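Enquirer: Quick one, start11.txt (compact mmCIF, C-alpha atoms):
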```txt
# COMPACT_ATOMS: atom_id res chain seq x y z
CA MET A 1 0.00 0.00 0.00
CA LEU A 2 1.19 3.54 -0.86
CA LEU A 3 1.04 6.29 1.82
CA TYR A 4 1.46 10.00 0.94
CA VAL A 5 1.29 13.19 3.06
CA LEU A 6 0.34 16.67 1.75
CA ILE A 7 1.30 19.66 3.94
CA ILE A 8 -0.10 23.22 3.58
CA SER A 9 1.60 25.87 5.78
CA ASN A 10 3.57 29.14 5.74
CA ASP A 11 5.75 28.17 8.75
CA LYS A 12 8.99 26.58 7.46
CA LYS A 13 9.69 24.90 10.84
CA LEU A 14 6.20 23.34 10.96
CA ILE A 15 7.16 21.81 7.59
CA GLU A 16 10.42 20.48 9.12
CA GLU A 17 8.77 18.88 12.19
CA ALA A 18 6.16 17.37 9.84
CA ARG A 19 8.96 16.01 7.62
CA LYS A 20 10.86 14.64 10.66
CA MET A 21 7.95 12.28 11.40
CA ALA A 22 7.49 11.32 7.73
CA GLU A 23 11.23 10.60 7.34
CA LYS A 24 11.23 8.42 10.51
CA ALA A 25 8.18 6.54 9.15
CA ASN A 26 9.66 6.59 5.59
CA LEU A 27 6.45 8.18 4.21
CA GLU A 28 6.30 10.17 0.94
CA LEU A 29 5.60 13.82 1.92
CA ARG A 30 4.86 16.63 -0.60
CA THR A 31 4.85 20.40 0.08
CA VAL A 32 1.64 22.07 -1.15
CA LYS A 33 2.18 25.69 -2.22
CA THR A 34 -1.02 26.51 -4.18
CA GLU A 35 -4.48 25.14 -5.07
CA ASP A 36 -2.77 23.99 -8.29
CA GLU A 37 -0.11 22.12 -6.25
CA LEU A 38 -2.79 20.36 -4.13
CA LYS A 39 -4.64 19.45 -7.35
CA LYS A 40 -1.34 18.51 -9.07
CA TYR A 41 -0.39 15.86 -6.49
CA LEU A 42 -3.95 14.44 -6.56
CA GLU A 43 -3.81 14.19 -10.39
CA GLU A 44 -0.57 12.23 -9.87
CA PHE A 45 -2.18 10.08 -7.12
CA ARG A 46 -4.79 9.08 -9.75
CA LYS A 47 -2.02 6.76 -11.03
CA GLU A 48 -1.68 4.38 -8.05
CA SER A 49 -5.23 5.14 -6.80
CA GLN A 50 -5.56 1.32 -6.52
CA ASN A 51 -3.68 1.07 -3.17
CA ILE A 52 -3.05 4.69 -2.08
CA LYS A 53 -3.95 6.64 1.10
CA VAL A 54 -3.24 10.38 1.51
CA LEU A 55 -2.97 12.49 4.70
CA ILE A 56 -3.45 16.28 4.35
CA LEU A 57 -2.38 18.86 6.97
CA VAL A 58 -3.85 22.36 6.44
CA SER A 59 -3.22 25.66 8.31
CA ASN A 60 -6.66 27.21 7.56
CA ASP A 61 -10.27 25.93 7.31
CA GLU A 62 -10.37 27.22 3.70
CA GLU A 63 -7.29 25.11 2.83
CA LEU A 64 -9.14 22.24 4.55
CA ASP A 65 -12.29 22.53 2.41
CA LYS A 66 -10.50 23.24 -0.91
CA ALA A 67 -8.33 20.11 -0.50
CA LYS A 68 -11.29 17.77 0.17
CA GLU A 69 -13.32 19.36 -2.68
CA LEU A 70 -10.64 18.45 -5.28
CA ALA A 71 -10.28 14.92 -3.83
CA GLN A 72 -14.06 14.20 -3.78
CA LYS A 73 -14.51 15.19 -7.45
CA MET A 74 -11.56 12.99 -8.55
CA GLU A 75 -12.55 10.09 -6.20
CA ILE A 76 -9.31 10.18 -4.13
CA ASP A 77 -9.13 9.07 -0.46
CA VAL A 78 -7.53 11.94 1.50
CA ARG A 79 -7.54 12.55 5.28
CA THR A 80 -7.96 16.32 5.73
CA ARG A 81 -6.76 17.63 9.12
CA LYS A 82 -6.23 21.25 10.31
CA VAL A 83 -3.07 22.20 12.27
CA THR A 84 -1.30 25.43 13.32
CA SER A 85 1.18 23.76 15.70
CA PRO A 86 3.91 21.31 14.45
CA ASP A 87 3.27 18.82 17.32
CA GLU A 88 -0.36 18.48 16.13
CA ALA A 89 0.74 17.51 12.59
CA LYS A 90 3.34 15.16 14.14
CA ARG A 91 0.47 13.27 15.85
CA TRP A 92 -1.58 12.92 12.64
CA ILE A 93 1.45 11.55 10.74
CA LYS A 94 2.19 9.25 13.71
CA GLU A 95 -1.33 7.71 13.78
CA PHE A 96 -1.55 7.58 9.95
CA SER A 97 1.79 5.70 9.87
CA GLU A 98 1.20 3.26 12.79
CA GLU A 99 -1.87 1.76 11.05
CA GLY A 100 0.34 0.97 8.02
CA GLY A 101 -2.51 1.75 5.62
CA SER A 102 -4.53 -1.35 6.63
CA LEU A 103 -5.02 -3.68 9.63
CA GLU A 104 -2.64 -6.29 8.16
CA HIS A 105 0.27 -3.79 8.16
CA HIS A 106 3.30 -5.70 6.78
CA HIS A 107 6.99 -4.63 6.99
CA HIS A 108 7.34 -1.82 4.40
CA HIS A 109 9.57 1.26 4.01
CA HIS A 110 9.80 3.26 0.76
```
Would it be possible to restate this file's structure as structure tokens?

Expert:
Amino acid sequence: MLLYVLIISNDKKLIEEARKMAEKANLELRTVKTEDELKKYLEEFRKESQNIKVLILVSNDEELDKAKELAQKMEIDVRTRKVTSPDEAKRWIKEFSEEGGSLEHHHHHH
């Protein structure tokens, strides 16, 4: 199973602490810069949509809604969460990683 993380924030350190968790878990994290970027990664995720799960961390409620709107229309499974503090995002990446995509989480690191 493929596991991707999309981060939307203006704080460069929040991006680092988010990456730190992803790197420890060996998850594929992408930095979202615009509505086009968010869309762009989703259009790419349409490739391996067979076995993919995406986690999205947004700074604002607008970013939250816009992300899920693009995903719904293109039938992509994304987990939209809102965070202003790095520790919050660190939790979401933690829980999203520990499950290993599915209950039968087998040894996998990308």

Enquirer: Tell me which protein, DNA and RNA residues are within 8 Å of residue A:71, counting all atoms listed in the file, leaving out same-chain ones fewer than 6 positions away, and put them as a tab-separated table (two decimals) with C-alpha atoms, in the coordinates of the input.

Expert:
```tsv
chain	number	residue	atom	x	y	z
A	42	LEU	CA	-3.95	14.44	-6.56
A	77	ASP	CA	-9.13	9.07	-0.46
A	78	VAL	CA	-7.53	11.94	1.50
```

Enquirer: Got a sec: who's within 12 Å of residue A:11, counting all atoms listed in the file, leaving out chain neighbours fewer than 6 positions off, as a PDB file with C-alpha atoms, keeping the file's coordinate frame?

Expert:
```pdb
ATOM      1  CA  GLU A  17       8.770  18.880  12.190  1.00  0.00           C
ATOM      2  CA  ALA A  18       6.160  17.370   9.840  1.00  0.00           C
ATOM      3  CA  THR A  31       4.850  20.400   0.080  1.00  0.00           C
ATOM      4  CA  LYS A  33       2.180  25.690  -2.220  1.00  0.00           C
ATOM      5  CA  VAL A  58      -3.850  22.360   6.440  1.00  0.00           C
ATOM      6  CA  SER A  59      -3.220  25.660   8.310  1.00  0.00           C
ATOM      7  CA  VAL A  83      -3.070  22.200  12.270  1.00  0.00           C
ATOM      8  CA  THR A  84      -1.300  25.430  13.320  1.00  0.00           C
ATOM      9  CA  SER A  85       1.180  23.760  15.700  1.00  0.00           C
ATOM     10  CA  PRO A  86       3.910  21.310  14.450  1.00  0.00           C
TER      11      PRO A  86
END
```

Enquirer: Once 8 Å is added on each side, what are the centre and the three edge lengths, in Å to one decimal, of the axis-aligned box enclosing the listed atoms of stretch 38-46 of chain A? Present them as JSON.

Expert:
```
{"center_x": -2.6, "center_y": 14.7, "center_z": -7.3, "size_x": 20.4, "size_y": 27.3, "size_z": 22.3}
```

Enquirer: If you count only C-alpha atoms, which residues fall within 10 Å of residue A:67, apart from same-chain ones fewer than 6 positions away, as a PDB file with C-alpha atoms, in the frame of the given file?

Expert:
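As written to disk, around-v8.pdb reads:
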```pdb
ATOM      1  CA  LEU A   6       0.340  16.670   1.750  1.00  0.00           C
ATOM      2  CA  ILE A   8      -0.100  23.220   3.580  1.00  0.00           C
ATOM      3  CA  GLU A  35      -4.480  25.140  -5.070  1.00  0.00           C
ATOM      4  CA  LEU A  38      -2.790  20.360  -4.130  1.00  0.00           C
ATOM      5  CA  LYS A  39      -4.640  19.450  -7.350  1.00  0.00           C
ATOM      6  CA  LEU A  42      -3.950  14.440  -6.560  1.00  0.00           C
ATOM      7  CA  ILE A  56      -3.450  16.280   4.350  1.00  0.00           C
ATOM      8  CA  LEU A  57      -2.380  18.860   6.970  1.00  0.00           C
ATOM      9  CA  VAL A  58      -3.850  22.360   6.440  1.00  0.00           C
ATOM     10  CA  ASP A  61     -10.270  25.930   7.310  1.00  0.00           C
ATOM     11  CA  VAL A  78      -7.530  11.940   1.500  1.00  0.00           C
ATOM     12  CA  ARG A  79      -7.540  12.550   5.280  1.00  0.00           C
ATOM     13  CA  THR A  80      -7.960  16.320   5.730  1.00  0.00           C
TER      14      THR A  80
END
```

Enquirer: For the point (1.1, 2.1, 2.9) in the file's frame, write as a ChimeraX atom specification all residues with an atom no more than 10 Å away, counting all atoms listed in the file.

Expert: /A:1-4,27-28,51-54,96-102,105-110

Enquirer: Taking into account only C-alpha atoms, which residue in the set A:103, A:76, A:15, A:7 is nearest to residue A:60?

Expert: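 Checking each candidate against residue A:60, we get A:7 as the closest.
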
Enquirer: Between A:88, A:13, A:70, A:75, which one has atoms that come closest to residue A:37, using all atoms listed in the file?

Expert: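 The closest residue to residue A:37 is A:70.
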
Enquirer: Could you tell me how far atom CA of residue A:72 sits from atom CA of residue A:47, in Å to one decimal place?

Expert: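 The value is 15.9 Å.
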